[PDB]
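Participant: Give me a model of this one.
(chains A, B, C, D and E)
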Amino acid sequence: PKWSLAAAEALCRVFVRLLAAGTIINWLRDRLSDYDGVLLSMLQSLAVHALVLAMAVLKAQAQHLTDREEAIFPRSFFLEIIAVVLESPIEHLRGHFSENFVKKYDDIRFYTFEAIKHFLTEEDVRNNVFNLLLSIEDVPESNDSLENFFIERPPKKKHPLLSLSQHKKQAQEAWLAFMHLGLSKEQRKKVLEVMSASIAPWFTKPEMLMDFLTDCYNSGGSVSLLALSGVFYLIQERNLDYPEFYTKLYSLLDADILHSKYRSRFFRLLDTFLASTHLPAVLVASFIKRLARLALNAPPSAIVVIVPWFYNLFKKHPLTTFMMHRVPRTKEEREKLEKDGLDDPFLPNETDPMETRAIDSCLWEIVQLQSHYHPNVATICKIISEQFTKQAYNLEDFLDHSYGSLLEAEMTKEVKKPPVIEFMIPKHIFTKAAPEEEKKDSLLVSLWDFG
Amino acid sequence: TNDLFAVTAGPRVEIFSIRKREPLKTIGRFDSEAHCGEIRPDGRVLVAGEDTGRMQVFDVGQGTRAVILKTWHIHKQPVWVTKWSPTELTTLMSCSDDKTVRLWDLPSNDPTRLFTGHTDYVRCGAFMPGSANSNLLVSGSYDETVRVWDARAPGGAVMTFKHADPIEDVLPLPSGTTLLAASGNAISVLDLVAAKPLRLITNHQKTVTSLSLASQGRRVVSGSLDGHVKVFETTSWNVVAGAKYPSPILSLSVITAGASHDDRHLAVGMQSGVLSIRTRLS
Amino acid sequence: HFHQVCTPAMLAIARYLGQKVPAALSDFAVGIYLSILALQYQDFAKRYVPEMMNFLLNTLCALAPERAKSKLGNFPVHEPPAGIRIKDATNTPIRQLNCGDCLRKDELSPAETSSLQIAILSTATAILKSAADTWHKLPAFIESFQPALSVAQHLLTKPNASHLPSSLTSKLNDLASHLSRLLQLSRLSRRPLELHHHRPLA
Amino acid sequence: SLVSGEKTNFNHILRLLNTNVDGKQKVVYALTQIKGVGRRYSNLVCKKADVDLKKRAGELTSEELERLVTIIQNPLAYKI
Amino acid sequence: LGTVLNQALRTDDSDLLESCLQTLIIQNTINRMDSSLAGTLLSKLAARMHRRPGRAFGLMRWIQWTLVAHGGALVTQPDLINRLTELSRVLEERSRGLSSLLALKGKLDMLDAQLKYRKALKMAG
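Facilitator: Numbering: from 1, shown residues only, chains lettered A, B, ... in the order given. Have a look at this structure:
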């Protein structure tokens, strides 16, 4: 049906020419109606070029299916266009549609959103429309930042298409109706990731997102860890607060969050959350102690981020430095401590960070963590140990670091500087006893049966 | 009868006019920050404290006068509140960052008295108005502890109260008997003749920032991070009036004009770098 | 301090030993394997593997006689997916592990599973002894080994002694006693930290 | 309990083209702090830079920092 | 919008109230809201009612659903019948004209008809 393709495009050509030109007009529009049906089939087929013809005929219809100078276009026709392209399983059709016009044209964007409204009001298709919702990313700045229109920049000077608020309104409604419909777990987490960057900036009012977000934030777990981003976005923009923010943060940080994948974003948020200024010392002390105690079991790809942030916080809050260099003031206490060794006054698993006695503890955890196996990590603990020189450490060079980064680092190291080996290697490498060599057996061999 | 009031915002202060409502003279001799800049009850002295720990005191006439009278460099750690004794011209309280509040005499080169007892940062304070409230000093820490000392016996506080929040502001009353503490979302009216907490009041979401005495010692405006200004009467403490500001606020004051100290105008200071003045004349 | 070849080996060890929630007892076995590898790495260079500590305790609770109920260390606890935990098989005695246990068998006979789990337990028990013996220094001893005691007494609970053999019982009892001894050692010897006694420049 | 310290971190040694050390003093004094640069020369380049003299060194966004860098790089492309 | 209402009511906001009241989810919010704040909400909504008598169509449905969900919350804290007192006083106001408002309605629905009809003559003629 490539000849059918040629017939279709030539029919579009003669159609736009007769529209640019213009008891008979009834059949003259009968032609266009049946051609719309033809184009339904031809998009249900190449369907990308069929889609090109469809936007062309939408253009010609909007241009001259009226007596008025204004360009109304069939929202209904566009609606079934949207219906067929969203039911179609062709990712390439959807991509060409999104990139070519939705990421290009604002008339398309707005009327697209409302077409989505109508169509959703009347699962895999849910995934498709969700993909499209995610595919719209960029929020324009202003009504003069709209500044490009597929058809008919309106001379209304008050038009909904001229007012950014309406496009934000329509996309807002789209997201509202979609979450009102319901969505999957994976859809939920993808939203919760990309929201504050690309979904929360779409709302004329994000307060229902404040609702939904603090619900999944009070839910708990990795979803709530993702929810932190959104709730911070909202408390920053429109100061609708959570009740107990810092105590929530303190108990929120837990065992596995360092092992979570999104700790990078998490740490940038926490960098703000202690970049605040109205913070009491014992609160930031609590966060210090808890983070050291979790660093005792952390991955090193986290510890590399963990340490320089402490250098920062120590630089800002000198009433934390007492956990680094702590003198017994009194000889009486010196007697008491040399007699009875020290117990940690800090309370693990205490809820309120403003009451955990992190003050009067020490960073035994990190000074033991100096004796890590990994050398760069050990040096970074030495940075705490050594002296206070640099005014700050950025973390941006530290973030997003993984075992992958460490392995490619050692890989991209030189092929070989001439290395060293171990001399006088014993022969009884798998021998169980060797009672005649007097060298004690490999612990692995003693605890492993090889036979 | 002045035409002056001070704003402290960043590495500088900007002495403003009440009449013209204009920043008359900026002073940018501050190194790092400037946590409180207040003028002596003359109208000729501005004192202010930087963030390295020095506190500077310098003279200003009406305008372009910044002669640095004295500097003190004792705390080695930022000072957040230096305030004049509203009677004596020569004494000022200074609550630092570290653990300390202390009274300075201007001619003296070492602080007159030092009061301790606080355990966290200390970041609000005031003197005690009233006649027999002679040398009586009140401070709120971040440590959920407000303390009042007498200067006569520099022991601990004579009185202390524990809240559940960081106490971010405080003010006494010109009756010299009762006192506002401001902490979290929760203000607290207290007795100081009986050391008995009268009543907690919470009509804000977020933490408050600042309280301001008003018209005739008869009302108090409060200012909170809720974008919210809310003024109460001092008899029942009901929410009497208030408004909203488009950015969460940090400082607040009404200020009076002249004869009998009718309130000339209020101004709020928001985190968004914006100093809003609402004025009324008569 | 640092090697071109010896250390990336340790890094591969650490990636496996930190990551990979175990789906099978074969994963458990190779975890035991790399744990003792890293022990033979940081012998007499007393460096430290939190990956090994948390992985060992994670395995120790994943054998789930009754349940990881509440507040068992700070190490990330995960769920034994396929019934991969011990039953009341207290009669299958102890044994030493073989490399064939690095093979997957979804058709495994349950008595072999019981014996293999018990052998894994005893070997991890030995690993605990060795790691404590080599890490009695290193001031985070208390905060690193207190969870081991916690897991130990939790497994010493009667709903776990029901499934446990008396051999492993005496094992972990020895563990608790020796570990409490070294804990008291650390507690009495522990001193606060004074790092910035800096020498001023002339 | 949460106030944005988005401006507090400015008392630090700034790196620039030749000297890697320029502290917070003032816009004109930091320009003269850069080697070879005159004081009135600093006046000229900042009043072309449209930056406030009241602004201290480090009170400036990276955009106008590198704007000052390119307009000290080429003093001829902008007229003088 | 439940926490939004909670925040806005207890902080006695104006424009937050406007934002959430411009707009189902309504019902969900009234399920999930609180009690004492809902009574204060009732008070200021009777206030808006008294201030401009323009739309009833959302806000009556709102207070409907308040008395749905936390109706007995005023039974729980029943000192605020003085809040409930004025609503009687408020809703007796809007009943006023109804005592003869229909006497308007018919003679106007009268002249409706022939104006429809002579119009319905008009394209026919």
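Participant: Specify the local secondary structure of residue C:142.
Facilitator: Here residue C:142 is helix, with the state taken from DSSP: H, G, I helix; E, B strand; the rest coil.
Participant: err, residue A:94, not the other one
Facilitator: Under three-state DSSP, residue A:94 falls in the helix class.
Participant: Quick check: residue B:64 vs residue B:48, distance?
Facilitator: Separation of residue B:64 from residue B:48 (C-beta to C-beta, to the nearest Å): 17 Å. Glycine gets a C-beta too; all of them are placed from N, C-alpha and C.
Participant: Comparing these two, which residue is more hemmed in?
Facilitator: residue B:48 (25 against 10; other C-beta atoms under 10 Å in any protein chain shown).
Participant: Which of the helices or strands spans the more buried one?
Facilitator: Using DSSP states H and E, the secondary-structure element containing residue B:48 is strand B:45-49.
Participant: Partner strands of that strand and their direction?
Facilitator: Applying DSSP bridges, strand B:45-49 is found paired with strand B:37-39 (antiparallel), strand B:55-59 (antiparallel).
Participant: tell me the contacts of residue 70?
Facilitator: Defaulting to chain A. For residue A:70, the contacting residues are A:152, A:154, by C-beta atoms under 8 Å, 6 or more residues apart in numbering or on different chains.
Participant: um, chain E though
Facilitator: Taking C-beta under 8 Å, 6+ apart, we find residue E:70 in contact with E:30, E:33, E:34, E:35, E:38, E:39.
Participant: what's the distance between the residue of chain E found nearest chain A and residue E:43?
Facilitator: Closest contact between chain E and chain A, by C-beta to the nearest C-beta, is at residue E:4 (4.2 Å). Going from residue E:4 to residue E:43 by C-beta to C-beta gives 18 Å.
Participant: Between those two, which is the more surrounded one?
Facilitator: The residue with more neighbours, out of residue E:4 and residue E:43, is residue E:4; 25 against 16, by other C-beta under 10 Å.
Participant: picking up where we left off before, what about the helix or strand containing the residue of chain E closest to chain A and chain D, touching?
Facilitator: Taking DSSP H and E as the definition, one finds residue E:4 inside helix E:2-10. No - interface with chain D: helix E:2-10 contributes nothing (C-beta under 8 Å from any C-beta of the partner chain), its closest point being 15.8 Å away.
Participant: Now do stretch B:77-88: everything it contacts.
Facilitator: Outside stretch B:77-88, the residues within contact range by C-beta under 8 Å, 6+ apart are A:318, B:32-33, B:35-36, B:38-41, B:47-53, B:55, B:91-98, B:121-127, B:129, B:139.
Participant: which of the residues you listed are buried?
Facilitator: Burial by neighbour count, judged by 16 or more other C-beta atoms under 10 Å in any protein chain shown, picks out B:32-33, B:35-36, B:38-40, B:47-53, B:55, B:91-98, B:121-127, B:129, B:139 from the contacts of stretch B:77-88.
Participant: Among the residues you listed, name the ones in strands.
Facilitator: The strands, defined by DSSP state E, take in B:38-39, B:47-49, B:55, B:91-96, B:122-127, B:139 from the buried ones among the contacts of stretch B:77-88.
Participant: Quick one: the strands in chain A, in order.
Facilitator: In chain A, no segments count as strands under DSSP E.
Participant: Could you give the residue of it that lies closest to chain B?
Facilitator: Chain B sits closest to residue A:280 of chain A, with a gap of 3.9 Å, by C-beta to the nearest C-beta.
Participant: what's the neighbour count on that residue?
Facilitator: For residue A:280, the count of nearby residues is 23 (other C-beta under 10 Å).
Participant: Equivalent analysis for residue A:284, please.
Facilitator: If you count neighbours by other C-beta under 10 Å, residue A:284 ends up with 21.
Participant: Relative to residue E:77, how far out is it?
Facilitator: Residue A:284 sits at a distance of 40 Å from residue E:77 (criterion: C-beta to C-beta).
Participant: Quick check: residues of chain D near chain B?
Facilitator: D:1, D:3, D:4, D:7, D:8, D:11, D:54, D:56.
Participant: I figured the second one was touching residue B:251, is that so?
Facilitator: The reference is to residue D:3. No - with contact defined as C-beta atoms under 8 Å, residue D:3 does not count as touching residue B:251 (11.5 Å).
Participant: Identify the contacts common to those two.
Facilitator: Contacts common to residue D:3 and residue B:251, judged by C-beta under 8 Å, 6+ apart, are absent.
Participant: spatially speaking, which residue is in the middle of chain C?
Facilitator: residue C:56 (2.6 Å; C-alpha atoms, centre = their mean).
Participant: Let me know whether that residue touches residue C:124 as I believe.
Facilitator: Yes - in this structure, residue C:56 is within contact of residue C:124 by C-beta under 8 Å, at 5.7 Å.
Participant: How far away from the center of its chain is stretch A:54-73?
Facilitator: Here stretch A:54-73 shows a centroid-to-chain-centroid distance of 40 Å under the convention C-alpha atoms, centre = their mean, to the nearest Å.
Participant: And it, what's buried?
Facilitator: Using 16+ other C-beta under 10 Å as the test for burial, stretch A:54-73 gives A:54, A:55, A:57, A:58, A:59, A:60, A:61, A:62, A:71, A:73.
Participant: Could you do stretch A:121-138 as well?
Facilitator: Under the neighbour-count criterion of 16+ other C-beta under 10 Å, stretch A:121-138 has A:126, A:128, A:129, A:130, A:131, A:132, A:133, A:136 buried.
Participant: Let's see that stretch as CSV, backbone CA atoms only.
Facilitator: Below are the C-alpha coordinates for stretch A:121-138, written out as CSV (Å, rounded to 0.1, in the frame of the first residue of the first chain):
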residue,chain,number,x,y,z
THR,A,121,-12.6,10.2,31.5
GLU,A,122,-13.9,7.8,28.9
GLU,A,123,-3.5,-0.3,31.8
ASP,A,124,-0.9,-0.7,29.1
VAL,A,125,-2.6,2.4,27.7
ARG,A,126,-2.2,3.8,31.2
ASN,A,127,1.5,3.1,30.8
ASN,A,128,1.5,4.8,27.4
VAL,A,129,-0.2,8.0,28.6
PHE,A,130,2.1,7.9,31.6
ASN,A,131,5.1,7.8,29.2
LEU,A,132,3.6,10.8,27.4
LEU,A,133,3.1,12.7,30.6
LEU,A,134,6.7,12.1,31.5
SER,A,135,7.7,13.0,28.0
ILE,A,136,6.5,16.5,28.5
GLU,A,137,9.3,18.0,30.6
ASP,A,138,10.0,21.7,30.1
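Participant: can you give me how far that stretch is from the chain middle?
Facilitator: In terms of C-alpha atoms, centre = their mean, the centre of stretch A:121-138 is set 18 Å apart from its chain centre.
Participant: hmm, that stretch touching chain E?
Facilitator: No - counting by C-beta under 8 Å from any C-beta, chain E has no neighbours in stretch A:121-138; the shortest distance is 12.5 Å.
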